[PDB]
Structures are given as C-alpha cells and as structure tokens.
Amino acid sequence: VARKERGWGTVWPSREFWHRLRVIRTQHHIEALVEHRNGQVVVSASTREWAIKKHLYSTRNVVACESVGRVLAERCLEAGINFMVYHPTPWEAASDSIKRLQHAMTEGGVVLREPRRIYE
Amino acid sequence: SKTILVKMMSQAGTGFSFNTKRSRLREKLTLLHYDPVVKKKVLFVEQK
Amino acid sequence: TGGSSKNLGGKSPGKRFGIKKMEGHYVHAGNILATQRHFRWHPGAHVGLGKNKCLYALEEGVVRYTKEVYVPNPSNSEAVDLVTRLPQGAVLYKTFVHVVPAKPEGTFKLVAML
RNA sequence: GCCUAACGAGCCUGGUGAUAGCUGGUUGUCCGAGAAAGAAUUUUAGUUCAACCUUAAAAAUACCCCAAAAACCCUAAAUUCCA
RNA sequence: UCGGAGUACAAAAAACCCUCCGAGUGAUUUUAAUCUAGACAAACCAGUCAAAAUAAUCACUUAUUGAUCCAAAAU
RNA sequence: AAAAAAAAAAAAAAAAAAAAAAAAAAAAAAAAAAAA
Ligand SMILES: [Mg+2]
Ligand SMILES: [Mg+2]
Ligand SMILES: [Mg+2]
Ligand SMILES: [Mg+2]
Ligand SMILES: [Mg+2]
Ligand SMILES: [Mg+2]
Ligand SMILES: [Mg+2]
Ligand SMILES: [Mg+2]
Ligand SMILES: [Mg+2]
Numbered sequence: 061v062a063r064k065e066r067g068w069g070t071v072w073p074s075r076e077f078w079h080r081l082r083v084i085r086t087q088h089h090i091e092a093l094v095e096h097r098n099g100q101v102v103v104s105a106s107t108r109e110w111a112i113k114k115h116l117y118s119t120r121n122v123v124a125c126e127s128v129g130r131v132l133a134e135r136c137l138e139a140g141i142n143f144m145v146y147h148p149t150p151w152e153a154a155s156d157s158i159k160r161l162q163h164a165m166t167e168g169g170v171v172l173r174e175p176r177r178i179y180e
Numbered sequence: 013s014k015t016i017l018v019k020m021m022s023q024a025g026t027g028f029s030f031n032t033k034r035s036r037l038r039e040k041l042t043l044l045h046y047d048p049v050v051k052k053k054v055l056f057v058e059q060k
Numbered sequence: 035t036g037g038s039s040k041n042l043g044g045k046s047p048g049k050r051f052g053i054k055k056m057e058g059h060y061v062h063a064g065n066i067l068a069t070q071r072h073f074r075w076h077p078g079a080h081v082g083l084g085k086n087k088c089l090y091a092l093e094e095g096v097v098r099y100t101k102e103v104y105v106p107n108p109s110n111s112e113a114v115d116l117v118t119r120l121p122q123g124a125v126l127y128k129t130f131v132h133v134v135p136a137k138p139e140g141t142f143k144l145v146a147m148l
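Order-wise, the sequence lines are chains S, 6 and 0. Position in the first sequence counted from 1, then plus 60, gives you the entry's author numbering. Position in the second sequence counted from 1, then plus 12, gives you the entry's author numbering. Position in the third sequence counted from 1, then plus 34, gives you the entry's author numbering.
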C-alpha cells in the first residue's frame, strides 16, 4: 500500500519501484546490487569480495554471473525481499550472462516484476 | 483520391462501428474491436 | 493604386503555453503544472506527462524545480546519438518539475476490540 | 412630357400614435459613490456577453512582497511567483 | 475561417491592406475501449490534458476543419 | 661527486565492406631535476 514514484518518463530507466536490481558489468568484475529509491544499497554481491573470489575462476565468465546471481538470491531471501524490478538494456537483455543471472534469480526463489500498488 | 466512410458490422448483436477508408484501398478493412454487450474482443466486418 | 499585400493568415490566438504553477505551490492530484509545445521542462518525480506534453501532478504536494542529469531512453535514437557524440567529460542537464508529497500515505485506525 | 400654380407617378380620407440602430428635445433643491474599450456579430453609426463599476449581503485575508524558483546559441529596461 | 515563426528579446495576452512560410489531407497497422477524481483554457459556444476503477504512429505534427433546425437512413 | 598494470585491489589495451558500438603490478614508518 506504499508509494512508488510514478513519474520521470523522459528519462531512463523507470524509477517506479520499491526495489531495483542493478547489475554493473566492469571489464573485470561482475557486481550485482539491490537498491532503494533513496539510493541506499540494501543487499549486494560483488566479485572483489574474497568469498566469491577464492571459490572460482575467471571473474568475467558467464559462470561467475550465474554465481553472483544465486549468491544475491540467497542473500536476498535472508533479507526477506522477494520482489524487485530489473531494467536491462535492449542489447544487454540478449547476452548469456544476464539470462543466467535471471535464471539464478528465479531458481533462488526471487520474483522480479514488482507486485502492483494497491489504490494507486 | 477520395475518402470513403464505411460502417462495420459485428458478428454478434447490434454493435456497429463507423470509420474511414482510403480510395486506393491500401489495407482492406477488417478489425478486431470491442463489443459492449458480451464485453468481448470481436471480428468486425466492413459494411455500408 | 493596386495595394495588394501578398501575405496571408498571420493571425492565430496565442496558445497560453507556459508555466501554470510556481515553485513551492501547493497542488492537488491532477492539477496541470505547466504546458509547453516542445520540452522545456521534463516531468520529474510524481509528475505525469500528457500526450500533448502537459505536466500534471500525481500526488498531493509541493511543486519543486530542479536541474538534473539527463539520461535518454535507449529506445529513442536521436537522443541516444546526441548523447553519443559528446566529448568524454561532459554530461547533459535538463530542468524537471517534482511534487513533494504532503499527506502521509495512510493511518491505522482501531476498528473493533474483540 | 402632361393629367388643377411641387407627377420616375395625382389628390383626399382611412390603415396611422406606419417604421426610423438616424438627428433634435426631455422641466425642483441638496448630498454618496463613479466609469476609456477583450469577444462575436449584413458587424464596425448598433446590440449581447467578459472585464471594471454602483446598491445591498455574507465572509476571509487582500495588495505590498527577501532569499528560492521559470530553456534550450546571443540576448536590455523588466516581468511572473511568494513569507 | 485554421496553424508555425517574427513584430511581441525573459509568465501569459497583444494590433495593421505588417514581414515571411503553411492547411482545407495523405502514409500505415497495432484498430488506438468504458466509467469517473482533479485540472488548463475560456465572454458564451466550442476547445484541451488526465490518476484511480473496470475490462495509435510518421509527414517541422501543431492545421487538415462547420452550430442549431430540417432531411434521409437502422438500431 | 634532488623528488619508484599503458585506494588501501579497484577503476585505456588484446583477440564473432574499414572503423565504432556479445593479460597483467621498485628490490633487500625506519633505477627525473638542480658542479680537457
Ligand atoms: Mg462526407
Ligand atoms: Mg503569431
Ligand atoms: Mg490575435
Ligand atoms: Mg399640382
Ligand atoms: Mg416614432
Ligand atoms: Mg451573418
Ligand atoms: Mg449601426
Ligand atoms: Mg501573498
Ligand atoms: Mg488506469
């Protein structure tokens, strides 16, 4: 029953959400965040984290993206947020890393496409 | 060239659409429209 | 003497385009904020965009104006290219309108004690 | 042309207080408050709406108004908006 | 009659037998729905946006349009 | 004989008409300048 910000719309991405999944792909490391419209970073999984760093090979791999995906899935359930929105780019949405990010997320149990607002 | 006013007929009931068509007839008029009575999506056929 | 002036139809009324509400104005949901033929001001938080490029307020609140960074929709190509050719240091800025919500979202009332 | 001292159509009595967005006139005294042209119109010699205004009434704020704020190439005097 | 500039330099408005360009429609496909808060604009008439609740685009895009009454039509 | 990969790890380069856009890190706090 809370507020989103319905608005902007000359700009991108759509800022209407409670929680926005954000995936930054550096030439080196894969980083995945979850954000509040306040800008605050709620739950994150990054490669430069020694945990994921030591457990696997070749950071830039599609495999490492699956990995960061389900690590953020796990950490999300622990944080009890089952709903967030993801706005990839038209070209990004076709890459393997992101499809596997989304599959890792779904198998994790986390639902994308945020539930609607009640009496908006 | 000219513009022809055509009256479309729904398959079911008394629902009737009114719309404009082209002299050259680029795309012959057959629609998928909204019928109020059955509250449905329908096939509307071009008529007079 | 033939007095023909060859020019015709200069005459239109003005469209009264411009800014309807001013910074720090109280607003009710649905008020038109400003109305423009080209984008002068873009819709910000809680401001909806009409098909004629009207800006109306979505919440009940206080209207605020802002200079912010402009990141065009990757679907809209012209703006994408305009963003592309810029020298590597510069970012684009625009003016936005906002509503700052006044009323809290709701209240919890005690209906019955059983 | 002429048809009884005015004929592009006689004179008289009716219709007839014909009808005039057009002139011209409209009568005692003393006090209050007081107006300059936005629209449409066979309309621009006129009307009918708005705005200002007069006479009563009900109320709550009204002018003035510092920051703050209103666009993109260049762009003065200045506006708009508010404690 | 209708719309873009200027004149009218920065909220709106703003004249001429002023200076210049346009429209009395094309091209598609995706057939672009109901019902109701709040609004812009406005003498009036006409014009405009639009949340919630149910289940059109491109052509500078802005202009492509005529009120009652009376007629023909079918629902 | 005067100051140590192109923060305390991170952020140009290299390999699916010609471009453009799915490997790497001073040595053992105490190797730039200015006197025949
Ligand atoms: Mg016709
Ligand atoms: Mg003009
Ligand atoms: Mg005018
Ligand atoms: Mg005589
Ligand atoms: Mg008289
Ligand atoms: Mg007339
Ligand atoms: Mg007159
Ligand atoms: Mg005030
Ligand atoms: Mg809706």
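Quick reminder that beta carbons are idealized off the backbone N, C-alpha and C, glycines included.
Query	Result
Within 8 Å, strictly: CB atoms of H80 (chain 0) and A68 (chain 0)	no
Closer than 8 Å to chain 0 by CB, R63 (chain S)	yes
Cβ pair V57 (chain 6), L44 (chain 6) closer than 8 Å	no
Residue-level contact to chain 0 via CB, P175 (chain S), 8 Å cutoff	no
Rounded separation between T149 (chain S) and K114 (chain S) - CA only	30 Å
Interface positions of the region 64-85 of chain S facing chain 0 (Cβ-Cβ less than 8 Å), listed along the chain	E65, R66, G67, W68, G69, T70, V71, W72, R75
Reference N121 (chain S); option with closest CA among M144 (chain S), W68 (chain S), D156 (chain S)	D156 (chain S)
Residue-level contact to chain S via CB, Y104 (chain 0), 8 Å cutoff	yes
Backbone CA spacing between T86 (chain S) and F143 (chain S) [nearest angstrom]	25 Å
Under 8 Å between C-beta atoms of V134 (chain 0) and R98 (chain 0)	yes
Cβ pair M20 (chain 6), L37 (chain 6) closer than 8 Å	no
Near ligand 3: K45 (chain 0) beta-carbon under 7 Å from a heavy atom	yes
is_contact[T149 (chain S), chain 0] using C-beta, thresh 8 Å	yes
Residues sharing a beta bridge with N31 (chain 6), DSSP	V18 (chain 6)
Collapsed DSSP secondary structure at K101 (chain 0) in the structure displayed	strand
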